[PDB]
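Here is the structure we will look at, set down as structure tokens.
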Amino acid sequence: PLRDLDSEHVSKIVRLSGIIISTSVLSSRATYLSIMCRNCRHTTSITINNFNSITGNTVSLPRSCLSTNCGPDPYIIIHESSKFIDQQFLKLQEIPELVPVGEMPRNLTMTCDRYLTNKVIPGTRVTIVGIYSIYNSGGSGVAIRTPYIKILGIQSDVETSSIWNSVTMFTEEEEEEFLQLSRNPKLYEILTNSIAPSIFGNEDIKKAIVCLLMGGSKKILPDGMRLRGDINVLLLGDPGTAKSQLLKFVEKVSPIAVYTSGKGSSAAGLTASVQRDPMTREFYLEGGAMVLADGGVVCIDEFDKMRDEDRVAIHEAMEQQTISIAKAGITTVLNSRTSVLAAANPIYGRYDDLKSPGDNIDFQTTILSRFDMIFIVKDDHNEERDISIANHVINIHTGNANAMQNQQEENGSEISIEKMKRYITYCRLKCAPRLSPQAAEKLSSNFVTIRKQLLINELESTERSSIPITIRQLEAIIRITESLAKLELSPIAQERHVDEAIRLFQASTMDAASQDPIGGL
Amino acid sequence: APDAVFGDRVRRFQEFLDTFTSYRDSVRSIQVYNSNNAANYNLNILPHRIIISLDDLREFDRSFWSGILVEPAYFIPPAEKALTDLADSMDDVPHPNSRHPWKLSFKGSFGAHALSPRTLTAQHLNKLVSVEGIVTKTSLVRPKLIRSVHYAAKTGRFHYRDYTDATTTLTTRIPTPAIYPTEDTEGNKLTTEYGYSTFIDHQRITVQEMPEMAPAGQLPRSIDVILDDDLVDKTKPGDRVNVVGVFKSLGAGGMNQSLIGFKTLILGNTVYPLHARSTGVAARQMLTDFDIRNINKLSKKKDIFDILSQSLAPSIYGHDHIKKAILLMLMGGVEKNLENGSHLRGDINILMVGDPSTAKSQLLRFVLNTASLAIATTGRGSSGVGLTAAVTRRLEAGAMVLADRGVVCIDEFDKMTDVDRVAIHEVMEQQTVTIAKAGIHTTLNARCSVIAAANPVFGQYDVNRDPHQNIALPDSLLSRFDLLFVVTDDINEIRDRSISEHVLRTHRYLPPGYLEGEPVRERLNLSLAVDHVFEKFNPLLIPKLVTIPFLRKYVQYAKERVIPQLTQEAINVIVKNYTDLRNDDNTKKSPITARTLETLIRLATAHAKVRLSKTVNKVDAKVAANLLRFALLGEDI
Amino acid sequence: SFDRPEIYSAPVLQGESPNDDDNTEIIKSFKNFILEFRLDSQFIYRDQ
Amino acid sequence: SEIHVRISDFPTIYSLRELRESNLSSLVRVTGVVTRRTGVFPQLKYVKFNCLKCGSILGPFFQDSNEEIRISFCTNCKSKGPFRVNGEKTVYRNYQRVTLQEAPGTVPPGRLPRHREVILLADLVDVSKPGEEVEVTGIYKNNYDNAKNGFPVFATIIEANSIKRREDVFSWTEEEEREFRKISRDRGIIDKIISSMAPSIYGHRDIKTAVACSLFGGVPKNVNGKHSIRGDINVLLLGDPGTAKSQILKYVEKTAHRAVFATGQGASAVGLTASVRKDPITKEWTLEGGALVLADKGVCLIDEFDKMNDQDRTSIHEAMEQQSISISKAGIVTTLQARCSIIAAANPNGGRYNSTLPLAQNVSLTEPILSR
Ligand SMILES: Nc1ncnc2c1ncn2[C@@H]1O[C@H](COP(=O)(O)OP(=O)(O)OP(O)(O)=S)[C@@H](O)[C@H]1O
Ligand SMILES: Nc1ncnc2c1ncn2[C@@H]1O[C@H](COP(=O)(O)OP(=O)(O)OP(O)(O)=S)[C@@H](O)[C@H]1O
Ligand SMILES: Nc1ncnc2c1ncn2[C@@H]1O[C@H](COP(=O)(O)OP(=O)(O)O)[C@@H](O)[C@H]1O
Ligand SMILES: [Mg+2]
Ligand SMILES: [Mg+2]
Ligand SMILES: [Mg+2]
Ligand SMILES: [Zn+2]
Ligand SMILES: [Zn+2]
């Protein structure tokens, strides 16, 4: 442990765990430098193959001409014939969980060189093998020295992923395993049943999760008009209906995913947060769930409780998948190609069947337009369901029945989260299906039918429906169809994919519109 | 002392220059340009610099190419000497009143040397690297004394001394710290002769990894670039930049016994400002004679306006007059600067209030992508500090100051604070930002055209209500918007099926070089701020649609080479329409003020610019008033 | 990039009493000896 | 190498305000609370100096706490030129500085508590945490290094010989483990533990039952790495003023292992929120985990849970929903673990509980936090 390093470990190999809190800029260290005397032309070379890890410089230029008067330090470095290597200063710290309550957490300076540089980022939990060494620079003291670590190896653990920390490279057998898994005729069921098998009675929501994880195919029109392929799903529901647990599972199973709240995490943001640099005072992207999870999904719980600074940002980053930062000096369109899975509670704790979905919710009504599919997770107080749910939840709690039956069901009917995550990555990186012309015509006919019935329902009434069917809803059904086609690696979305997407859209945002007094018959 | 290898490389690069005649043509053109305005004035003097294509060098001599890329300190000085020798060889006609060292700049494919400040490591040192990044700091352009000339009055003689530093040469010299001569060799006091001494401009910029490619949540990496005597002031802070230069190491890095490591920086050879969307760099485009011929050919057509209107956003169905207004704003009017100092605005602002999903944001994103210079902002995502200027004892330009002579696309305009609203009030009509803060009284130029999107009060535009209650925006603010379009999502079966067939046809699109089920790749389009007219893919199935790059070329040509003059035959129509609009009672969407006379004038001028006409005729005024009457009422006359 | 600042002086006042041992008093007395010494009504050292 | 002698039971016990120049270079025995500790640093003990003329490593030279030593004589080449300590072959001893401040109770009225610097050498390091009342026996000496004061004034230090707490705790032996296993078998043990909690708090028997349940807690469960359930019992204490709620929190801090006490407003010993903060004196950044991170496997005791900042509310809410603290600040993007059991104490919304109104509208905090 970092707090257990005494003076007996000095100049010895020590293994110590911790978290990286700083990674300095790479600095150039001379590993072979040509030198020439000033009041001469005596060419010499100084080779530094060892002792590259030290705060000071143990080997300096000669203080004499070495040709044996020229003077003190007569050598200059011929920089165009010298060779340099990279060095980095890391700052390890004991993990803040195991720290005395009233004392400063203890940190330690580390130096790495050559191929051990740019291996870890700040916040990474690491295992450092190194030499516990000493340099002279912890204030008032006599004969005291500053300890540090010459890194001989870094062992990073499983940490936060990113669009930069993506393999995109499948081993040959892994492609073959995924491809065999793809022809499986019951692939829709095996992937649906693998969405939180512990949550019970949410098959349509699980299909929506599958479609969101797949997502539709992106289009880049010749105009530059980008059409979005990612799917956004909202879950409005009674408390205790598993909405958060299905968000946590989506975070776990997605390749890249960030789970946050409406107001963000404890210190993490939610959208692109441009901040001044800690030392250089230069604008940089501090973070944000929507930019950190670029290329994946963000699971926003308590979506209703969110600030207006994040409101417009997420509204922009769901249709255009881009956050347009424009501050005093910095203006940039940051890519935010992220699917959004949101969970929200009704303004009153329970969902009011009497009132429409709008005015039963805290946020703006038109926000319901931005989401592709909206699931009203009402709670049914029927006892058959109550007994079944209680039995299931007890099976979860030390019954150990669900774990065993899931392991049994994994043999041909369920997929592990690692394998399913890698399959999601492969499907997103390999398939982007289109629509057959007949499928497109029937989609158009279906959309016209829905919109005409909405017009009929709204003509006789006075106010407008809380959940409106707009052109965005048509473009969403298209996305669901393409996600269903991409599920089985189908290059073309046929009639069955369209029918399944239609059924999903009737299950959510149409049953959700059924409770609307104006959106209903 | 002469070096045999140096001469061999000099003659090899001379052979290279002889093989590719474009370099004698460029040097000859530069020399004749310099001589011609030297004799003319007994404008500006072009620098003695030549852009060298590394691909041509690789074709000619691959080792010379690899030597320049890998060992620039040994191959660039010989090539520059060869270029200087060639230039002094062609200099049969010297400029009025070897010599005149010519510098080299490089372009082409760098391969593994095309890097970023993050990937630029210590094993790229002493290599010719191209680094792409964002300029965060630009130091003062300071003169550097490279030759001091002194006068001795006792002898009446002029002396001089040349100065050299470590950054002026790619190779390392012996350092010679020659002192500043305060006296002659024999004791005579010297007087410095400023104006005969030689000072060379020197700048030190900092290039940081671009936000669009830097990792999220990680501290960015920066690199220093040094520019000398012609690359200074080539960029401004916030600019996307591509700097080609030698990654040099300087000093001793603490080895010389008197630093933690060696001091490294880039000796800039070439600076390319890059065009990225929502940045402060405009989009220069190369207009060949074929492009200008096609532009004039299409301008001769009567319905060219419509051809340009439909080709803007074919993917969006409808919104035809909105597209006409967007094209007119892209052209814009001509600003008037009267002799007394007053300013008349020539920029067209557009507001689009509408129901959810009527493509207001897609029409904003298209304008952001296709405009020469466009900055994208969102309401309350950028404040007045973020929109207008900000005091940091120094000023940092905001959204509407960087977008000077450009377009500002404001999404969610209704969700904007009043503190921002007042600054926007100033920016829209007077086209200026007055700071007057913390002892900094400055009037920045914000001559930008604003296109904005907004939602109604209740989220759905109620046709029963009146616009003034549905907008909930200050009337003085709505006056500044030249064209206010209220778009409503009316459920009608004909347009319902037509918009759905369009949406599906657009979704059923394949690029020319892609398979049926291949995910379309996407780059960030870092265009360089310096082949068919019509488009193959037509979502509508009809007039012809021109490609977006050709439309940008046409807009650039009309915007930079056409300045229409108003005519009496247009003035009669403009005045009649303005008088009718002011006096006729029609329950207009927006109020009618003297600003309405000027949006008539501006739209007429913009439509005249569309036709490449230098005079605003009667048809231009009629169509401008037509669009305005549509925008105010909804007429189709 | 400026020149060398100059330093110069000028007599304005009587300073402290000329002291006999001062190098400048000794130089003055030698100069007076050279200019004023007479041998047989001849300024021998001046003429020499 | 050597045995260190720890003199104990010194008769003359001084106070830090009673130390004068007559006690210099002598052995004193002071008492006080530790207020700060400055890490652990190596200090030269057996110095071997490398000659830069030969490359010779001169033999071990004993260095002590007085001043650094230097060598000017070589043997192989007898050079007197630059001689560098060889860090690799030098031997080091542990060194620590502890600020010892007079216990506030013992200070006479009107006088401010006095502090000294105690130097712990090679065996006493990391034995006295801040806030611990200890008796330091040591040597009272002058730290030699005058013009700021206008007088030749010297600072003083206490080089500690033996340090001990004047008055591990949760550890058990085999006999104690057998005693635990036997006393558990007795019937009615649950009620005995419930009555054991808070033995100066009258009644409140349901509160004590909940406190015992939270102190022992449940067990966390993962189905297959796919469904997670917390194994911590969060207990809220909604009470009127003078209901002893704070005392049931201080008792939990008494009895719980890995217990962190925080407040919605007041003494900010811990901030409830993880932040990357740059320390203004030591120049270096620190990633402070929140009060919910510090008690990763224990209990977090919040007083004034009715009144909290939006930042603290968000931190507590998301650490109760996910059992983790996500932070993306100053280039650090990480998810710390906060698998804590939360015991909160709140005052009703208004001053007194209203039985006619439901609990949701009787207190400031709302549905999402109350559910957890
Ligand atoms: N159908 C279900 N099957 C299994 N567990 C369930 C089910 N419904 C609820 N639970 C459990 O109920 C507990 C709390 O549910 P949550 O996921 O927090 O509900 P929620 O509806 O998201 O609550 P809010 O709205 O976020 S306060 C979790 O531990 C779930 O495992
Ligand atoms: N049941 C009780 N047994 C013993 N002392 C009690 C009891 N109830 C209240 N007190 C005393 O009443 C005082 C209340 O102090 P606290 O325990 O801090 O109360 P509190 O509920 O935290 O008050 P607020 O709400 O913070 S003003 C203390 O002196 C307690 O010792
Ligand atoms: N009239 C239309 N023609 C074509 N596409 C449309 C139309 N109206 C909406 N859309 C589609 O709706 C989607 C969302 O539109 P968007 O611009 O985000 O709406 P809003 O202006 O309300 O923010 C886009 O994919 C866009 O192509
Ligand atoms: Mg929840
Ligand atoms: Mg919009
Ligand atoms: Mg209290
Ligand atoms: Zn020499
Ligand atoms: Zn020696």
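Ordering of the structure tokens sets the chain letters (A, B, ...), residue numbers begin anew at 1 in every chain, and ligands are numbered from 1 in the order given.
In this structure, the chain D residues at most 8 Å away from chain B are residues 328, 329, 330, 331, 332 and 333 of chain D, with only C-alpha atoms considered.
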Original post:
Mind listing as a VMD selection string which residues of chain C are within 8 Å of chain B, counting only C-alpha atoms?
Top reply: chain C and resid 1 to 4
Given the selection you just returned, output its residues as a file containing C-alpha atoms, formatted as a JSON list (two decimals), in the first residue's frame.
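Output (selection09.json):
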[["chain", "number", "residue", "atom", "x", "y", "z"],
["C", 1, "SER", "CA", 18.81, 48.37, -29.12],
["C", 2, "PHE", "CA", 20.25, 51.60, -27.71],
["C", 3, "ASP", "CA", 23.72, 53.11, -27.51],
["C", 4, "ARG", "CA", 26.19, 53.59, -24.65]]
Original post:
Which residues form the shell of 7 Å around ligand 2 when you count only C-alpha atoms and all ligand atoms, given as a list in words?
Top reply: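 Those residues are residues 200, 201, 202, 203, 204, 239, 240, 241, 242, 243, 244, 245, 246, 247 and 347 of chain D.
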Original post:
Please, which residues have at least one atom within 6 Å of an atom of ligand 3, using only C-alpha atoms and all ligand atoms, listed as a list in words?
Top reply: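 What falls inside 6 Å of ligand 3 is residues 227, 319, 471 and 472 of chain A; 315, 316, 317, 318, 356, 357, 358, 359, 360, 361, 362, 499 and 503 of chain B.
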**OP:** Please identify all polymer residues within 12 Å of residue 170 (chain A), counting only C-alpha atoms, omitting same-chain residues fewer than 2 positions from it, and present them as a PyMOL selection string.
**Re:** chain A and resi 166-168+172-179+422-423+425-427+429-430
Saved selection, atoms kept: N, CA and C atoms, as a PDB file, in the first residue's frame:
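The resulting file, again-v2.pdb, is shown below:
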ATOM      1  N   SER A 166     -11.606   1.723 -28.387  1.00  0.00           N
ATOM      2  CA  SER A 166     -12.419   0.719 -29.057  1.00  0.00           C
ATOM      3  C   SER A 166     -11.512  -0.156 -29.909  1.00  0.00           C
ATOM      4  N   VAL A 167     -11.742  -1.462 -29.801  1.00  0.00           N
ATOM      5  CA  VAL A 167     -10.945  -2.442 -30.586  1.00  0.00           C
ATOM      6  C   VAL A 167     -11.258  -2.252 -32.073  1.00  0.00           C
ATOM      7  N   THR A 168     -12.486  -2.574 -32.522  1.00  0.00           N
ATOM      8  CA  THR A 168     -12.904  -2.473 -33.946  1.00  0.00           C
ATOM      9  C   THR A 168     -12.212  -3.599 -34.706  1.00  0.00           C
ATOM     10  N   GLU A 172     -10.299 -13.790 -35.792  1.00  0.00           N
ATOM     11  CA  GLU A 172     -11.034 -14.506 -36.870  1.00  0.00           C
ATOM     12  C   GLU A 172     -12.161 -15.408 -36.377  1.00  0.00           C
ATOM     13  N   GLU A 173     -11.935 -16.097 -35.262  1.00  0.00           N
ATOM     14  CA  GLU A 173     -12.948 -17.058 -34.784  1.00  0.00           C
ATOM     15  C   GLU A 173     -14.094 -16.268 -34.171  1.00  0.00           C
ATOM     16  N   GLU A 174     -13.806 -15.060 -33.690  1.00  0.00           N
ATOM     17  CA  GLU A 174     -14.842 -14.264 -33.034  1.00  0.00           C
ATOM     18  C   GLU A 174     -15.866 -13.779 -34.055  1.00  0.00           C
ATOM     19  N   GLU A 175     -15.397 -13.363 -35.237  1.00  0.00           N
ATOM     20  CA  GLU A 175     -16.310 -13.057 -36.334  1.00  0.00           C
ATOM     21  C   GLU A 175     -17.150 -14.269 -36.703  1.00  0.00           C
ATOM     22  N   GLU A 176     -16.536 -15.453 -36.735  1.00  0.00           N
ATOM     23  CA  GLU A 176     -17.259 -16.665 -37.107  1.00  0.00           C
ATOM     24  C   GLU A 176     -18.298 -17.041 -36.056  1.00  0.00           C
ATOM     25  N   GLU A 177     -17.963 -16.887 -34.774  1.00  0.00           N
ATOM     26  CA  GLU A 177     -18.929 -17.132 -33.709  1.00  0.00           C
ATOM     27  C   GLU A 177     -20.100 -16.164 -33.801  1.00  0.00           C
ATOM     28  N   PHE A 178     -19.812 -14.874 -34.007  1.00  0.00           N
ATOM     29  CA  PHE A 178     -20.889 -13.901 -34.147  1.00  0.00           C
ATOM     30  C   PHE A 178     -21.763 -14.186 -35.364  1.00  0.00           C
ATOM     31  N   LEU A 179     -21.138 -14.584 -36.474  1.00  0.00           N
ATOM     32  CA  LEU A 179     -21.844 -14.872 -37.716  1.00  0.00           C
ATOM     33  C   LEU A 179     -22.700 -16.129 -37.610  1.00  0.00           C
ATOM     34  N   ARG A 422     -19.970  -7.568 -27.421  1.00  0.00           N
ATOM     35  CA  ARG A 422     -19.125  -7.704 -28.602  1.00  0.00           C
ATOM     36  C   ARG A 422     -19.962  -7.907 -29.862  1.00  0.00           C
ATOM     37  N   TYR A 423     -21.081  -8.627 -29.746  1.00  0.00           N
ATOM     38  CA  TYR A 423     -21.989  -8.779 -30.878  1.00  0.00           C
ATOM     39  C   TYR A 423     -22.612  -7.445 -31.270  1.00  0.00           C
ATOM     40  N   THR A 425     -21.163  -4.524 -30.856  1.00  0.00           N
ATOM     41  CA  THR A 425     -20.085  -3.815 -31.541  1.00  0.00           C
ATOM     42  C   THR A 425     -19.945  -4.289 -32.982  1.00  0.00           C
ATOM     43  N   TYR A 426     -19.971  -5.607 -33.191  1.00  0.00           N
ATOM     44  CA  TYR A 426     -19.821  -6.157 -34.535  1.00  0.00           C
ATOM     45  C   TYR A 426     -20.976  -5.735 -35.436  1.00  0.00           C
ATOM     46  N   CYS A 427     -22.205  -5.791 -34.918  1.00  0.00           N
ATOM     47  CA  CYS A 427     -23.365  -5.406 -35.715  1.00  0.00           C
ATOM     48  C   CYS A 427     -23.321  -3.929 -36.077  1.00  0.00           C
ATOM     49  N   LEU A 429     -20.595  -2.060 -36.329  1.00  0.00           N
ATOM     50  CA  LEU A 429     -19.445  -1.774 -37.176  1.00  0.00           C
ATOM     51  C   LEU A 429     -19.472  -2.499 -38.515  1.00  0.00           C
ATOM     52  N   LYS A 430     -20.410  -3.420 -38.731  1.00  0.00           N
ATOM     53  CA  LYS A 430     -20.413  -4.213 -39.955  1.00  0.00           C
ATOM     54  C   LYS A 430     -21.677  -4.087 -40.790  1.00  0.00           C
TER      55      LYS A 430
END
Every residue of region 179-284 of chain D that DSSP places in strand (DSSP E), as an mmCIF file with C-alpha atoms, in the first residue's frame:
data_model
loop_
_atom_site.group_PDB
_atom_site.id
_atom_site.type_symbol
_atom_site.label_atom_id
_atom_site.label_comp_id
_atom_site.auth_asym_id
_atom_site.auth_seq_id
_atom_site.Cartn_x
_atom_site.Cartn_y
_atom_site.Cartn_z
ATOM 1 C CA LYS D 221 -26.004 -9.517 -4.511
ATOM 2 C CA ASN D 222 -25.159 -9.875 -8.195
ATOM 3 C CA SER D 228 -27.304 -5.799 -8.876
ATOM 4 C CA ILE D 229 -28.954 -5.256 -5.499
ATOM 5 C CA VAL D 235 -32.202 4.647 7.643
ATOM 6 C CA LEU D 236 -33.839 8.071 7.865
ATOM 7 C CA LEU D 237 -34.617 9.684 11.233
ATOM 8 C CA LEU D 238 -37.385 12.257 10.774
ATOM 9 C CA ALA D 259 -17.965 5.555 9.666
ATOM 10 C CA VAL D 260 -17.888 9.046 8.143
ATOM 11 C CA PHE D 261 -19.923 11.913 9.609
ATOM 12 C CA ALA D 262 -21.091 14.789 7.401
ATOM 13 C CA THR D 263 -23.633 17.598 7.644
ATOM 14 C CA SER D 275 -13.845 16.914 -6.268
ATOM 15 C CA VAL D 276 -10.410 17.419 -7.790
ATOM 16 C CA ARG D 277 -9.073 20.311 -5.721
ATOM 17 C CA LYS D 278 -5.677 22.016 -5.977
#
Subject >> At most 6 Å from ligand 8 (only C-alpha atoms and all ligand atoms): residue list as a PyMOL selection string >> reply: chain D and resi 51+53-54+56+74+76-79
At a cut-off of 12 Å, using only C-alpha atoms, what residues contact residue 625 (chain B)? Leave out same-chain residues fewer than 2 positions from it and give the result as a PDB file with C-alpha atoms, in the first residue's frame.
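Okay, around12.pdb is ready:
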ATOM      1  CA  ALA B 325     -35.034  33.540 -48.138  1.00  0.00           C
ATOM      2  CA  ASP B 482     -36.107  40.806 -41.905  1.00  0.00           C
ATOM      3  CA  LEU B 483     -38.231  37.724 -42.644  1.00  0.00           C
ATOM      4  CA  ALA B 570     -37.100  49.099 -58.797  1.00  0.00           C
ATOM      5  CA  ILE B 571     -37.674  52.017 -56.413  1.00  0.00           C
ATOM      6  CA  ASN B 572     -41.202  52.592 -57.706  1.00  0.00           C
ATOM      7  CA  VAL B 573     -42.166  48.990 -56.924  1.00  0.00           C
ATOM      8  CA  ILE B 574     -40.371  49.055 -53.558  1.00  0.00           C
ATOM      9  CA  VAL B 575     -42.036  52.312 -52.472  1.00  0.00           C
ATOM     10  CA  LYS B 576     -45.494  51.232 -53.636  1.00  0.00           C
ATOM     11  CA  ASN B 577     -45.224  47.881 -51.852  1.00  0.00           C
ATOM     12  CA  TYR B 578     -43.916  49.489 -48.652  1.00  0.00           C
ATOM     13  CA  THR B 579     -46.693  52.093 -48.626  1.00  0.00           C
ATOM     14  CA  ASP B 580     -49.354  49.423 -49.166  1.00  0.00           C
ATOM     15  CA  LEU B 581     -47.891  47.154 -46.474  1.00  0.00           C
ATOM     16  CA  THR B 596     -39.558  46.874 -43.694  1.00  0.00           C
ATOM     17  CA  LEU B 597     -38.620  49.382 -46.448  1.00  0.00           C
ATOM     18  CA  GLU B 598     -34.990  48.319 -45.972  1.00  0.00           C
ATOM     19  CA  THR B 599     -35.739  44.542 -45.969  1.00  0.00           C
ATOM     20  CA  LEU B 600     -37.510  45.220 -49.246  1.00  0.00           C
ATOM     21  CA  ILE B 601     -34.403  47.014 -50.515  1.00  0.00           C
ATOM     22  CA  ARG B 602     -32.055  44.325 -49.162  1.00  0.00           C
ATOM     23  CA  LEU B 603     -34.056  41.442 -50.646  1.00  0.00           C
ATOM     24  CA  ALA B 604     -34.246  43.206 -54.016  1.00  0.00           C
ATOM     25  CA  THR B 605     -30.471  43.702 -53.928  1.00  0.00           C
ATOM     26  CA  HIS B 607     -32.117  38.799 -55.826  1.00  0.00           C
ATOM     27  CA  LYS B 618     -38.169  45.908 -61.508  1.00  0.00           C
ATOM     28  CA  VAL B 619     -38.438  42.102 -61.406  1.00  0.00           C
ATOM     29  CA  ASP B 620     -36.008  41.929 -58.467  1.00  0.00           C
ATOM     30  CA  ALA B 621     -38.092  44.392 -56.450  1.00  0.00           C
ATOM     31  CA  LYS B 622     -41.291  42.548 -57.378  1.00  0.00           C
ATOM     32  CA  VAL B 623     -39.961  39.155 -56.259  1.00  0.00           C
ATOM     33  CA  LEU B 627     -41.428  36.930 -50.701  1.00  0.00           C
ATOM     34  CA  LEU B 628     -41.975  39.607 -48.065  1.00  0.00           C
ATOM     35  CA  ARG B 629     -45.750  39.493 -48.544  1.00  0.00           C
ATOM     36  CA  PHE B 630     -45.600  35.719 -48.244  1.00  0.00           C
ATOM     37  CA  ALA B 631     -43.530  36.062 -45.051  1.00  0.00           C
ATOM     38  CA  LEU B 632     -45.929  38.628 -43.571  1.00  0.00           C
ATOM     39  CA  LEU B 633     -49.272  37.185 -44.712  1.00  0.00           C
ATOM     40  CA  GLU B 635     -50.029  35.064 -50.018  1.00  0.00           C
ATOM     41  CA  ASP B 636     -49.127  33.183 -53.203  1.00  0.00           C
ATOM     42  CA  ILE B 637     -49.528  35.984 -55.750  1.00  0.00           C
TER      43      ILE B 637
END
Original post:
Could you list, as a list in words, all the residues within 10 Å of ligand 5, counting only C-alpha atoms and all ligand atoms?
Top reply: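 Listing the residues within 10 Å of ligand 5 gives residues 312, 315, 316, 319, 320 and 370 of chain A; 353, 354, 355, 356, 357, 358, 359, 360, 361, 362, 363, 364, 365, 378, 411, 412, 413, 452, 453, 454 and 455 of chain B.
One finds CA of residue 372 (chain D) at 8.4 Å from atom 14 (C, counted along the ligand's line) of ligand 1.
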Original post:
When DSSP works through the backbone of this structure, what residues of region 223-436 of chain A end up as helix (DSSP H, G or I), shown as a PyMOL selection string?
Top reply: chain A and resi 243-253+289-292+308-319+367-370+383-399+401-409+417-430
Original post:
Counting only C-alpha atoms, what is within 7 Å of residue 300 (chain A), bar same-chain residues fewer than 2 positions away, as a list in words?
Top reply: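 So, after excluding close chain neighbours, the residues are residues 259, 260, 261, 262, 298, 302, 303, 341, 342 and 343 of chain A.
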Subject >> Near-residue 366 (chain A) list (12 Å; only C-alpha atoms; drop same-chain fewer than 4 positions) as a PyMOL selection string >> reply: (chain A and resi 315+357-359+361-362+370-371+464-470+472) or (chain B and resi 354-357+455-461)
**OP:** For residue 354 (chain A), work out the shell of residues within 9 Å, counting only C-alpha atoms and skipping chain neighbours fewer than 6 positions away, then give it as a PyMOL selection string.
**Re:** chain A and resi 515-517
Original post:
Got a sec to check which residues lie within 6 Å of ligand 7, using only C-alpha atoms and all ligand atoms, and send them as a PyMOL selection string?
Top reply: chain A and resi 37+39-40+65+70
Subject >> Nearby residues, ligand 4, 10 Å, only C-alpha atoms and all ligand atoms, as a ChimeraX atom specification >> reply: /A:239-248,261,301-302,343-345 /D:317-318,320-322,368-369,371-372
Output of the above residues as an mmCIF file, in the first residue's frame, restricted to C-alpha atoms:
data_model
loop_
_atom_site.group_PDB
_atom_site.id
_atom_site.type_symbol
_atom_site.label_atom_id
_atom_site.label_comp_id
_atom_site.auth_asym_id
_atom_site.auth_seq_id
_atom_site.Cartn_x
_atom_site.Cartn_y
_atom_site.Cartn_z
ATOM 1 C CA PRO A 239 -42.012 4.378 -9.166
ATOM 2 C CA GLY A 240 -40.705 0.806 -8.597
ATOM 3 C CA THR A 241 -41.422 -0.304 -12.209
ATOM 4 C CA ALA A 242 -37.743 -1.252 -12.992
ATOM 5 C CA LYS A 243 -37.062 1.778 -15.228
ATOM 6 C CA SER A 244 -33.678 2.544 -13.564
ATOM 7 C CA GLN A 245 -32.639 -1.139 -13.431
ATOM 8 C CA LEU A 246 -33.226 -1.443 -17.161
ATOM 9 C CA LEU A 247 -31.104 1.750 -17.564
ATOM 10 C CA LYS A 248 -28.299 0.250 -15.462
ATOM 11 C CA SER A 261 -29.093 11.575 -13.823
ATOM 12 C CA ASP A 301 -32.536 8.758 -15.128
ATOM 13 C CA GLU A 302 -34.858 11.412 -13.704
ATOM 14 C CA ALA A 343 -36.384 7.200 -17.456
ATOM 15 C CA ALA A 344 -38.875 9.622 -15.932
ATOM 16 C CA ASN A 345 -41.498 9.665 -13.167
ATOM 17 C CA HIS D 317 -29.058 10.662 -4.793
ATOM 18 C CA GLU D 318 -26.792 9.194 -7.459
ATOM 19 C CA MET D 320 -27.786 5.754 -3.465
ATOM 20 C CA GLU D 321 -29.114 4.845 -6.972
ATOM 21 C CA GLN D 322 -25.793 3.505 -8.438
ATOM 22 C CA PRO D 368 -36.882 9.931 -5.298
ATOM 23 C CA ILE D 369 -34.582 10.263 -2.213
ATOM 24 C CA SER D 371 -37.763 5.795 -1.776
ATOM 25 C CA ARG D 372 -34.055 4.806 -1.404
#
